[PDB]
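*Asks:* After the structure tokens below, expect a handful of questions from me.
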Amino acid sequence: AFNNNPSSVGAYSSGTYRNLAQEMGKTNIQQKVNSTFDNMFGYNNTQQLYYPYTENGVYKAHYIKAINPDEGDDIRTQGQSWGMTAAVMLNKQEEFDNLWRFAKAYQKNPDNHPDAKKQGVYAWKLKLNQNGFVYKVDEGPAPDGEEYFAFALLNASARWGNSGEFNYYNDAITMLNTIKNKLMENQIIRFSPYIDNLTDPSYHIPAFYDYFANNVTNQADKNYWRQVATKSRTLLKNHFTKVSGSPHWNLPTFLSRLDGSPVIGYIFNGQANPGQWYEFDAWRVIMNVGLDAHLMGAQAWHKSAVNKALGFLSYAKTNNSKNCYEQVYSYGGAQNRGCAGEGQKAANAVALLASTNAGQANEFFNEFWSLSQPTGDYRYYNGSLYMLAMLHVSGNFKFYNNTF
Ligand SMILES: O[C@@H]1[C@@H](O)[C@H](O[C@@H]2CO[C@@H](O[C@@H]3CO[C@H](O)[C@H](O)[C@H]3O)[C@H](O)[C@H]2O)OC[C@H]1O
């Protein structure tokens, strides 16, 4: 049965990881997790997201392909870093290494880049040109990419050691210093090096920062990352307070001020969507809350964030002509951007790790568990989140500490 009283002691501390699928009475859980990875990282061109990159017939590395029928396929640090995270959780070293080789070679901006704000950060968008060779479309970072790179690399070091192709640990510490120096403002993760007083709630994963703190060696950096963790919880707490009730109706948003205030409308040239939209980025917020509750312990704010968000979506479904909750809401209003897909349902399943409502849990978990693995033109985002969710709900998303 669903544990509707999640511990205030996290799995990171106790070493006790929940198996949510097991709680929900599912069978063949590990088989399903394994097949999910095999399909995503298999040459089937169906669920597949993991693709080899070759140059003049010579194998180089692998990437997660951000398939895009609307603007053309591209390659993203977000998907790359998620791919590495999935690989390390399942002990898939070759897949990890092939993805990390790619990121280091092709996504990393040179340390002597003329723009100091871009030095050593990871170019968020690559494409293959008309001749099949990789190039940077946009050299600017998407800082949740770097966050997951650091997380994945620290775990790779812990699991596999540092004497092979990669010194994962050294790569991880380099990544952390890059986040600290290039991608932070007042110890809150930036949306952009070029904009101040701006964060993206979906980038906040407080448990990662606690993990970072326990895996650096020097006192100053240990304290630095623990402070980042506390400030992130505060940011998320503040954001959820501000979105509670009218006018945001309990869903977190795309963009936020450093005090947790949703960004209203457009604020910069190039902005994809209004700041106050619960859209594609925002899907991940309660997933992250569930992650943090599971790993670092469930507090009152975790439960309130998730219970109220899932509560809204359940309500929104009853007031939808298609009997679904939708992908995009603004001020509690449906924006007609389609019924929830696999990735959103996956994000919402992980959120259940902070839920205290067995009824909610039953509905949201079964909607996710009944899905087939994403295929087709929109599987990049849905498939990536689906993979992460499968790990989270099977007790496979673990923190592996390094030893000193
Ligand atoms: O990098 C991430 C992007 O990959 C992400 O892109 C959005 C993914 O979802 C698309 O909408 C699909 C439309 O068709 C169906 O309804 C699918 O279920 C949807 O996923 C959007 O068009 C893309 O913009 O955005 C978030 C970003 O972090």
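In the structure tokens, each chain is lettered A, B, ... as it comes, each chain's residues begin at 1, and ligands are numbered from 1 in order of appearance.
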Show me which residues sit within 8 Å of ligand 1 when counting only C-alpha atoms and all ligand atoms, and put them as an NGL selection string.
*Replies:* :A and (66 or 68 or 70 or 76 or 78-79 or 279-281 or 327 or 337-343 or 378-382)
*Asks:* Any chance you can output those residues with C-alpha atoms as a PDB file, in the first residue's frame?
*Replies:*
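part21.pdb, freshly written:
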```
ATOM      1  CA  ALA A  66      16.352  16.391 -28.760  1.00  0.00           C
ATOM      2  CA  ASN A  68      12.036  18.438 -32.753  1.00  0.00           C
ATOM      3  CA  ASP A  70       8.837  22.096 -35.214  1.00  0.00           C
ATOM      4  CA  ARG A  76      20.745  19.828 -25.446  1.00  0.00           C
ATOM      5  CA  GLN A  78      19.632  19.109 -20.343  1.00  0.00           C
ATOM      6  CA  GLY A  79      18.989  15.807 -22.173  1.00  0.00           C
ATOM      7  CA  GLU A 279       4.530  24.973 -18.757  1.00  0.00           C
ATOM      8  CA  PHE A 280       7.186  22.437 -19.796  1.00  0.00           C
ATOM      9  CA  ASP A 281       9.931  23.532 -17.359  1.00  0.00           C
ATOM     10  CA  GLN A 327       0.262  20.700 -20.369  1.00  0.00           C
ATOM     11  CA  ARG A 337      -1.724  23.282 -25.356  1.00  0.00           C
ATOM     12  CA  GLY A 338      -2.851  19.663 -25.244  1.00  0.00           C
ATOM     13  CA  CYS A 339      -3.628  16.920 -22.739  1.00  0.00           C
ATOM     14  CA  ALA A 340      -0.814  15.941 -20.348  1.00  0.00           C
ATOM     15  CA  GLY A 341       1.750  13.730 -22.058  1.00  0.00           C
ATOM     16  CA  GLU A 342       4.008  11.023 -20.681  1.00  0.00           C
ATOM     17  CA  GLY A 343       6.661  13.375 -19.270  1.00  0.00           C
ATOM     18  CA  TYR A 378       7.846  14.457 -29.083  1.00  0.00           C
ATOM     19  CA  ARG A 379       9.660  11.692 -27.196  1.00  0.00           C
ATOM     20  CA  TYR A 380      12.740  13.766 -26.277  1.00  0.00           C
ATOM     21  CA  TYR A 381      11.169  15.564 -23.333  1.00  0.00           C
ATOM     22  CA  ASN A 382       8.505  12.972 -22.513  1.00  0.00           C
TER      23      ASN A 382
END
```
*Asks:* Would you pick out the contacts of residue A:253 at 6 Å or less, using only C-alpha atoms, so that residues sharing its chain but fewer than 5 positions from it are not included, and give the list as a ChimeraX atom specification?
*Replies:* /A:276-278,282
*Asks:* Save out the residues we just selected, C-alpha atoms, as a tab-separated table (two decimals), in the first residue's frame.
*Replies:*
```tsv
chain	number	residue	atom	x	y	z
A	276	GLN	CA	3.93	32.90	-14.92
A	277	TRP	CA	3.03	29.89	-17.09
A	278	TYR	CA	3.00	26.43	-15.61
A	282	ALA	CA	7.40	23.89	-14.51
```
*Asks:* May I have the residues within 10 Å of stretch 157-165 of chain A as a PyMOL selection string, using only C-alpha atoms and disregarding those fewer than 5 positions away in the same chain?
*Replies:* chain A and resi 88-89+91+93+97+101+152+170-172+215+399-403
*Asks:* In stretch 181-364 of chain A, what's helix (DSSP H, G or I) per DSSP? Answer as a PyMOL selection string?
*Replies:* chain A and resi 181-182+201-203+206-215+219-243+283-296+300-318+342-354+358-364
*Asks:* Atom CA of residue A:258 and atom CA of residue A:230 are how many Å apart?
*Replies:*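 Straight-line distance from atom CA of residue A:258 to atom CA of residue A:230 works out to 13.5 Å.
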*Asks:* Could you give me, as number ranges by chain, the residues within 8 Å of residue A:74, counting only C-alpha atoms and dropping anything in the same chain fewer than 5 positions from it?
*Replies:* A: 65-68, 125-128
*Asks:* What would the file look like if the residues just selected were written as a short mmCIF file (atom, residue, chain, number, x, y, z; two decimals), in the first residue's frame with N, CA and C atoms?
*Replies:*
```
data_model
loop_
_atom_site.label_atom_id
_atom_site.label_comp_id
_atom_site.auth_asym_id
_atom_site.auth_seq_id
_atom_site.Cartn_x
_atom_site.Cartn_y
_atom_site.Cartn_z
N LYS A 65 19.40 12.88 -28.41
CA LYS A 65 18.87 13.68 -29.51
C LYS A 65 17.57 14.33 -29.09
N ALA A 66 17.57 15.65 -29.05
CA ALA A 66 16.35 16.39 -28.76
C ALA A 66 15.53 16.54 -30.04
N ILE A 67 14.85 15.45 -30.41
CA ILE A 67 14.02 15.41 -31.60
C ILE A 67 13.01 16.56 -31.55
N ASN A 68 12.86 17.24 -32.68
CA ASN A 68 12.04 18.44 -32.75
C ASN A 68 11.50 18.63 -34.17
N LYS A 125 22.55 24.48 -26.77
CA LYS A 125 21.96 23.97 -28.01
C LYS A 125 22.99 23.76 -29.11
N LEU A 126 23.16 22.49 -29.48
CA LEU A 126 23.96 22.10 -30.63
C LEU A 126 23.04 21.60 -31.73
N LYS A 127 23.53 21.61 -32.96
CA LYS A 127 22.88 20.91 -34.07
C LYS A 127 23.96 20.27 -34.94
N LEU A 128 23.55 19.31 -35.76
CA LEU A 128 24.40 18.83 -36.84
C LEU A 128 24.13 19.72 -38.07
#
```
*Asks:* Write out as a tab-separated table the residues of stretch 222-297 of chain A that have any atom within 7 Å of an atom of stretch 181-192 of chain A, one row each with the nearest atom pair and its distance in Å to one decimal, counting only C-alpha atoms, sorted by chain and then rising number.
*Replies:*
```
residue	atom	partner	partner_atom	distance
A:228	CA	A:187	CA	5.3
A:231	CA	A:188	CA	6.9
A:232	CA	A:188	CA	6.7
```
*Asks:* Any idea what's packed within 10 Å of residue A:52, counting only C-alpha atoms, ignoring anything in its chain fewer than 4 positions away? Could you give it as a VMD selection string?
*Replies:* chain A and resid 43 59 to 65 98 to 99 102
*Asks:* Would you please work out which residue, of A:204, A:18, A:117, A:26, is nearest to residue A:396 when using only C-alpha atoms?
*Replies:*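 Result for the nearest residue to residue A:396: A:18.
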*Asks:* I'd like to know which of A:322, A:317, A:284, A:392 is closest to residue A:144, using only C-alpha atoms.
*Replies:*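 Smallest distance to residue A:144 is found for A:284.
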*Asks:* With only C-alpha atoms as the atoms that count, which of A:210, A:363, A:147, A:115 lies nearest to residue A:13?
*Replies:*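 Of the candidates, the smallest distance to residue A:13 is held by A:210.
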